[PDB]
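What follows is a short report on a single structure.
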Amino acid sequence: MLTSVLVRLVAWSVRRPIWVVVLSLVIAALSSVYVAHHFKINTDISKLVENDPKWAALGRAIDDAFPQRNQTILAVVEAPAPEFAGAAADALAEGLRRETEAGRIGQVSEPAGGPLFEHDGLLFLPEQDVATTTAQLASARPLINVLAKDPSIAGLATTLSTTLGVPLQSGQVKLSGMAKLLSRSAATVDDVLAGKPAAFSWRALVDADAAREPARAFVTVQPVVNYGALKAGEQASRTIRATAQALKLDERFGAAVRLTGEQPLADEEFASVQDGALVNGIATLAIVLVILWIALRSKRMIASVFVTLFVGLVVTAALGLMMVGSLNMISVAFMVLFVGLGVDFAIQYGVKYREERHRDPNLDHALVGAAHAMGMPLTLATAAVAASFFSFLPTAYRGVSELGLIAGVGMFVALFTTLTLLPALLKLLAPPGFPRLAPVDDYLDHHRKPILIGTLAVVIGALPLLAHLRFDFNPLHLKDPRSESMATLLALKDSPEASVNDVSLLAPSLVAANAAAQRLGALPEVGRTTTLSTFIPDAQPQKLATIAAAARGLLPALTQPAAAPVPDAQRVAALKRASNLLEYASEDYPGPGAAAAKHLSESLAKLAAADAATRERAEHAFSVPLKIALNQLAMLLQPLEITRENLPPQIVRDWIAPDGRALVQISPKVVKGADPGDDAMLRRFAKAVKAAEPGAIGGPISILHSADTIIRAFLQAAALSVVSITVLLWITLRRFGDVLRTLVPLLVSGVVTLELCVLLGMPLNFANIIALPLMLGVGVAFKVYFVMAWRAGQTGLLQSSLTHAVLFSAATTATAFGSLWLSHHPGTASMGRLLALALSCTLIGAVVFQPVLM
């Protein structure tokens with residue numbers, strides 16, 4: 001039988017000398033050589049969830065048709081003013097173009113609008129709005145003339161004083177008509193006095209009020225073609241920041257460049273998972289050391305068990321890397337999982353050898369007897385754990401599949417080690433408790449029996465409170481929101497320029513693509529759909545005629561150059577006269593916004609006191625954006641017509657490049673008050689679009705098929721785990737009464753675990769779904785330990801009981817789960833906390849249900 005075969009194998013290994021130990025040393029050495037030969041850490045996010053051939057048959061079309069989009073990098077510049085943002089964007093674009101021309105990194109693409117888009121930045125609005133804006137600008141011809149001709153801060157103050165003296169007090173213009181401008185200028189001037197980097201905006205006044213304080217301009221670029229052995233993107237991701245810092249945008253424009261995309265997400269994830277490894281390692285080493293010292297007090301044993309743990313670790317790592325050369329950021333937890341789980345066999349053997357020492361005076365006979373004694377329990381625990389881990393193998397989830405393979409092979413290797421190597425190293429180095437717990441020892445075990453009528457009675461009505469659980473169908477949440485790489489994405493949620501929530505759809509032609517865009521816009525929950533045709537303005541002649549009629553009246557008042565700055569003392573006198581006028585106004589002209597007039601008076605009375613260089617700073621912050629905005633309005637006011645034969649090659653290369661006809665990027669409908677911070681409407685949008693047109697796969701919003709796949713895989717894996725564990729128990733406990741005993745409490749404890757997870761409100765996710773079968777196997781192992789431990793009597797678990805070994809194993813597993821909890825990574829922090837809660841509930845569920853285990 002299994003017991004006889006195993007004791008014969010261990011006794012035949014004993015009949016082999018230290019030869020076994022030196023052979024284990026050589027095998028561990030070559031296994032470590034193989035490990036260091038191929039570590040190969042991978043962090044792919046689309047591999048750990050397999051997809052059916054149908055969705056892959058469209059992902060491959062996405063890849064083959066449009067290569068410059070699946071791996072692109074998006075750069076974001078942030079300036080306190082839109083003009084500075086646009087200037088920084090254009091400078092970064094020309095710099096990256098000069099960088100690419102030499103053949104170092106890929107070509108750049110400017111999404112906010114290319115040369116024709118910037119020259120024609122007025123044809124993309126309805127005729128009414130552009131007509132009103134042009135008429136408004138034409139009405140303001142004298143003011144824009146007297147403003148642009150003297151853009152100096154001194155000249156600006158002078159023209160403000162001259163337009164504040166006679167016009168206001170005349171009776172044609174009220175203070176409140178410009179009080180908004182006055183208050184904004186007062187705030188900017190006060191900021192300049194504070195020395196902080198300030199910037200005034202002239203585009204937020206007359207053109208449009210849709211100018212927010214996080215003024216962002218976006219530029220994208222696809223990474224290097226990877227000529228040789230370059231990392232394919234890291235060089236460019238560094239050169240972007242290098243050229244940005246070299247171009248000196250912090251002072252010339254006062255901005256900040258950011259970078260984001262799947263590649264920097266991967267890099268920051270690599271960094272986050274690697275930095276929280278040394279602390280986790282020292283923590284698990286410390287906890288296993290202290291639990292081994294409290295389990296056994298001897299240097300002749302603890303060292304040997306440490307050697308067994310280390311050799312088990314290295315051999316399981318070698319075999320795992322031999323199976324698959326990747327850890328996928330999820331299977332990397334085996335490094336701590338082995339240390340936290342496989343030490344149970346060693347602790348069990350050590351406690352039983354201590355009991356044998358108390359019993360058997362000899363050491364060889366005591367060791368072989370302790371080996372033959374834990375023959376069936378140890379192997380059954382190993383089988384249960386390995387089955388619970390291998391149940392996830394026939395699923396679509398790849399990450400958990402690899403994790404289960406690694407953990408099962410590691411459990412087999414740990415059994416082999418504890419059986420063969422540990423007794424040899426014991427022979428070669430042949431070597432009460434807690435006298436305090438009496439009060440609870442009296443009356444906390446003798447009330448374990450009515451717990452059956454208390455907890456079961458309070459748990460029945462807890463079934464309706466189980467369905468209040470959500471499921472995170474988007475992996476982006478558990479991606480360390482503290483890093484900038486996705487903090488930029490989180491802040492980008494308001495800007496609709498770069499649509500991170502878009503979907504895609506190909507077509508057999510451009511007209512078919514337009515028809516699909518129309519029939520998908522007919523759905524009341526889509527919003528807007530874009531294609532190559534949407535970059536073609538509708539009515540060219542009328543718009544061009546209106547803008548030409550505005551230009552023929554506005555142009556001659558913009559190109560005229562200014563004069564030179566007068567000396568400084570005259571500027572002080574000008575600001576003094578401006579202060580006097582503004583003070584007289586705010587003192588004898590009270591009304592709605594006279595407080596703004598007093599604020600400007602105070603700002604202009606504190607500005608011109610004794611400082612010199614800060615006034616040049618104020619000039620840099622006032623006149624430069626003014627000239628930028630004026631040049632922009634001048635360029636944008638004499639546009640051309642946009643035709644497909646005149647469209648830039650970059651746009652047509654990004655929308656319909658190949659004979660693989662155009663794609664139609666589709667965004668989700670957004671309404672005021674329903675910001676994209678709501679996953680329910682995104683899921684409904686995805687389902688609606690998928691029902692309308694099936695080929696609309698690829699969008700980060702239509703990733704619900706991944707969640708469906710992983711939930712089906714987890715369901716089938718849990719079913720297979722339960723079936724395998726019960727068939728093992730029944731092939732070992734033939735009369736089904738014992739398997740009912742060993743099982744029913746474990747299912748009850750799993751129900752309790754799910755109920756606690758729903759009460760706390762934490763949802764299950766991609767890497768937080770393995771707790772149920774793992775803890776089921778662990779509890780089954782504990783119950784099959786107990787079915788042999790208390791055979792002599794049902795004594796409480798106090799004062800170094802016969803189950804103190806199992807208690808120490810539980811404590812070690814719990815502390816290892818708590819160490820895996822603190823990992824500075826949500827994808828593992830959630831896993832750790834759920835593992836800890838599951839252990840905490842299933843332990844008492846398998847212990848206090850003693851009438852249903854023996």
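Residues in the structure tokens are numbered from 1 in each chain, the chains being A, B, ... in the order shown, and ligands are numbered from 1 in the order shown.
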
Compile the contact shell of range 289-300 of chain A as a PyMOL selection string: residues with an atom at most 7 Å away, counting only C-alpha atoms, same-chain residues fewer than 5 positions apart removed. chain A and resi 429-431+812

Return as JSON lines the residues of range 605-643 of chain A lying at most 12 Å from range 205-217 of chain A, together with the closest atom-to-atom pair for each and the distance in Å to one decimal, counting only C-alpha atoms, with rows in chain order and ascending residue number.
```
{"residue": "A:629", "atom": "CA", "partner": "A:207", "partner_atom": "CA", "distance": 10.6}
{"residue": "A:630", "atom": "CA", "partner": "A:207", "partner_atom": "CA", "distance": 11.8}
{"residue": "A:632", "atom": "CA", "partner": "A:207", "partner_atom": "CA", "distance": 11.8}
{"residue": "A:633", "atom": "CA", "partner": "A:207", "partner_atom": "CA", "distance": 9.6}
```

If you count only C-alpha atoms, which residues fall within 7 Å of range 251-268 of chain A, apart from same-chain ones fewer than 3 positions away, as a list in words?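 Result of the neighbour search: residues 43, 73, 74, 75, 76, 77, 78, 79, 84, 88, 197, 248, 271, 272, 485, 486 and 488 of chain A.
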
Atoms kept (N, CA, C and O atoms) for selection, written as a PDB file, in the first residue's frame:
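The result, stored in part.pdb:
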```pdb
ATOM      1  N   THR A  43       5.675  40.343 -18.059  1.00  0.00           N
ATOM      2  CA  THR A  43       4.575  41.098 -17.469  1.00  0.00           C
ATOM      3  C   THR A  43       3.471  41.376 -18.484  1.00  0.00           C
ATOM      4  O   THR A  43       2.766  42.386 -18.384  1.00  0.00           O
ATOM      5  N   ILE A  73       2.693  55.606 -27.880  1.00  0.00           N
ATOM      6  CA  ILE A  73       2.979  56.290 -26.625  1.00  0.00           C
ATOM      7  C   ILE A  73       2.350  57.672 -26.690  1.00  0.00           C
ATOM      8  O   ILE A  73       2.526  58.390 -27.682  1.00  0.00           O
ATOM      9  N   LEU A  74       1.625  58.045 -25.639  1.00  0.00           N
ATOM     10  CA  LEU A  74       0.934  59.324 -25.576  1.00  0.00           C
ATOM     11  C   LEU A  74       1.632  60.229 -24.572  1.00  0.00           C
ATOM     12  O   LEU A  74       1.860  59.831 -23.426  1.00  0.00           O
ATOM     13  N   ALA A  75       1.968  61.441 -25.004  1.00  0.00           N
ATOM     14  CA  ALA A  75       2.643  62.419 -24.165  1.00  0.00           C
ATOM     15  C   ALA A  75       1.711  63.588 -23.886  1.00  0.00           C
ATOM     16  O   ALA A  75       0.986  64.043 -24.776  1.00  0.00           O
ATOM     17  N   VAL A  76       1.737  64.072 -22.647  1.00  0.00           N
ATOM     18  CA  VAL A  76       0.861  65.145 -22.191  1.00  0.00           C
ATOM     19  C   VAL A  76       1.722  66.254 -21.604  1.00  0.00           C
ATOM     20  O   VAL A  76       2.565  65.998 -20.737  1.00  0.00           O
ATOM     21  N   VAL A  77       1.508  67.480 -22.073  1.00  0.00           N
ATOM     22  CA  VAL A  77       2.157  68.664 -21.524  1.00  0.00           C
ATOM     23  C   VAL A  77       1.094  69.500 -20.825  1.00  0.00           C
ATOM     24  O   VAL A  77      -0.032  69.628 -21.321  1.00  0.00           O
ATOM     25  N   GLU A  78       1.443  70.045 -19.665  1.00  0.00           N
ATOM     26  CA  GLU A  78       0.511  70.800 -18.839  1.00  0.00           C
ATOM     27  C   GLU A  78       1.096  72.169 -18.537  1.00  0.00           C
ATOM     28  O   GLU A  78       2.185  72.270 -17.964  1.00  0.00           O
ATOM     29  N   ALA A  79       0.369  73.215 -18.912  1.00  0.00           N
ATOM     30  CA  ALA A  79       0.783  74.591 -18.697  1.00  0.00           C
ATOM     31  C   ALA A  79      -0.378  75.366 -18.097  1.00  0.00           C
ATOM     32  O   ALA A  79      -1.543  75.023 -18.331  1.00  0.00           O
ATOM     33  N   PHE A  84       0.505  78.670 -23.890  1.00  0.00           N
ATOM     34  CA  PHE A  84       1.761  78.025 -23.527  1.00  0.00           C
ATOM     35  C   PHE A  84       1.706  76.530 -23.803  1.00  0.00           C
ATOM     36  O   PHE A  84       2.697  75.937 -24.246  1.00  0.00           O
ATOM     37  N   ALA A  88       4.267  74.653 -26.315  1.00  0.00           N
ATOM     38  CA  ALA A  88       5.076  73.526 -25.870  1.00  0.00           C
ATOM     39  C   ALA A  88       4.806  72.290 -26.714  1.00  0.00           C
ATOM     40  O   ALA A  88       5.729  71.533 -27.034  1.00  0.00           O
ATOM     41  N   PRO A 197       5.053  80.566 -10.760  1.00  0.00           N
ATOM     42  CA  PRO A 197       4.894  80.614 -12.219  1.00  0.00           C
ATOM     43  C   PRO A 197       3.444  80.837 -12.610  1.00  0.00           C
ATOM     44  O   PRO A 197       2.619  79.924 -12.523  1.00  0.00           O
ATOM     45  N   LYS A 248      14.368  73.387 -22.547  1.00  0.00           N
ATOM     46  CA  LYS A 248      14.118  74.408 -21.531  1.00  0.00           C
ATOM     47  C   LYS A 248      12.703  74.973 -21.654  1.00  0.00           C
ATOM     48  O   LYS A 248      12.496  76.156 -21.927  1.00  0.00           O
ATOM     49  N   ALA A 271       8.543  47.965 -11.875  1.00  0.00           N
ATOM     50  CA  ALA A 271       9.198  48.632 -10.753  1.00  0.00           C
ATOM     51  C   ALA A 271       8.446  48.394  -9.447  1.00  0.00           C
ATOM     52  O   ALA A 271       9.061  48.109  -8.409  1.00  0.00           O
ATOM     53  N   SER A 272       7.113  48.493  -9.481  1.00  0.00           N
ATOM     54  CA  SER A 272       6.326  48.356  -8.260  1.00  0.00           C
ATOM     55  C   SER A 272       6.396  46.939  -7.706  1.00  0.00           C
ATOM     56  O   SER A 272       6.435  46.747  -6.486  1.00  0.00           O
ATOM     57  N   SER A 485       2.086  57.111 -14.241  1.00  0.00           N
ATOM     58  CA  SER A 485       1.792  56.502 -15.532  1.00  0.00           C
ATOM     59  C   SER A 485       0.301  56.299 -15.755  1.00  0.00           C
ATOM     60  O   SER A 485      -0.157  56.381 -16.899  1.00  0.00           O
ATOM     61  N   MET A 486      -0.471  56.045 -14.697  1.00  0.00           N
ATOM     62  CA  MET A 486      -1.921  56.015 -14.818  1.00  0.00           C
ATOM     63  C   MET A 486      -2.608  57.156 -14.087  1.00  0.00           C
ATOM     64  O   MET A 486      -3.809  57.356 -14.275  1.00  0.00           O
ATOM     65  N   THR A 488      -1.921  60.126 -14.891  1.00  0.00           N
ATOM     66  CA  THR A 488      -2.222  60.936 -16.066  1.00  0.00           C
ATOM     67  C   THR A 488      -3.501  60.463 -16.746  1.00  0.00           C
ATOM     68  O   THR A 488      -4.319  61.280 -17.178  1.00  0.00           O
TER      69      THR A 488
END
```

As an exercise, work out the distance from CA of residue 441 in chain A to CA of residue 844 in chain A in Å and give it to one decimal place.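 Distance between the two atoms: 16.1 Å.
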
Residues at most 10 Å from residue 534 in chain A, counting only C-alpha atoms, excluding those fewer than 4 positions away in the same chain, as JSON, numbers by chain? {"A": [124, 514, 529, 530, 538]}

Could you save the residues just selected, with N, CA, C and O atoms, as a PDB file, in the first residue's frame?
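Final file, result.pdb:
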```
ATOM      1  N   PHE A 124     -14.379  73.690 -38.222  1.00  0.00           N
ATOM      2  CA  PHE A 124     -14.952  72.536 -37.543  1.00  0.00           C
ATOM      3  C   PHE A 124     -16.015  72.918 -36.522  1.00  0.00           C
ATOM      4  O   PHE A 124     -16.185  72.218 -35.515  1.00  0.00           O
ATOM      5  N   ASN A 514     -18.667  54.417 -43.049  1.00  0.00           N
ATOM      6  CA  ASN A 514     -19.543  55.544 -42.735  1.00  0.00           C
ATOM      7  C   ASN A 514     -20.958  55.074 -42.423  1.00  0.00           C
ATOM      8  O   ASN A 514     -21.606  55.596 -41.508  1.00  0.00           O
ATOM      9  N   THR A 529     -19.272  59.320 -33.197  1.00  0.00           N
ATOM     10  CA  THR A 529     -18.457  58.338 -33.896  1.00  0.00           C
ATOM     11  C   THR A 529     -17.597  59.063 -34.919  1.00  0.00           C
ATOM     12  O   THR A 529     -18.085  59.949 -35.625  1.00  0.00           O
ATOM     13  N   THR A 530     -16.322  58.689 -34.997  1.00  0.00           N
ATOM     14  CA  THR A 530     -15.370  59.350 -35.876  1.00  0.00           C
ATOM     15  C   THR A 530     -14.824  58.374 -36.908  1.00  0.00           C
ATOM     16  O   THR A 530     -14.818  57.158 -36.700  1.00  0.00           O
ATOM     17  N   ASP A 538     -18.074  70.310 -43.604  1.00  0.00           N
ATOM     18  CA  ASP A 538     -19.291  70.093 -44.381  1.00  0.00           C
ATOM     19  C   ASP A 538     -19.434  71.119 -45.499  1.00  0.00           C
ATOM     20  O   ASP A 538     -19.438  70.768 -46.685  1.00  0.00           O
TER      21      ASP A 538
END
```

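Near range 452-454 of chain A, within a cut-off of 8 Å and counting only C-alpha atoms, sit the residues residues 448, 449, 457, 458, 848 and 849 of chain A, with same-chain residues fewer than 3 positions away left out.
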
Would you mind telling me which residue in A:65, A:59, A:232, A:195 lies nearest to residue 615 in chain A when using only C-alpha atoms? A:195
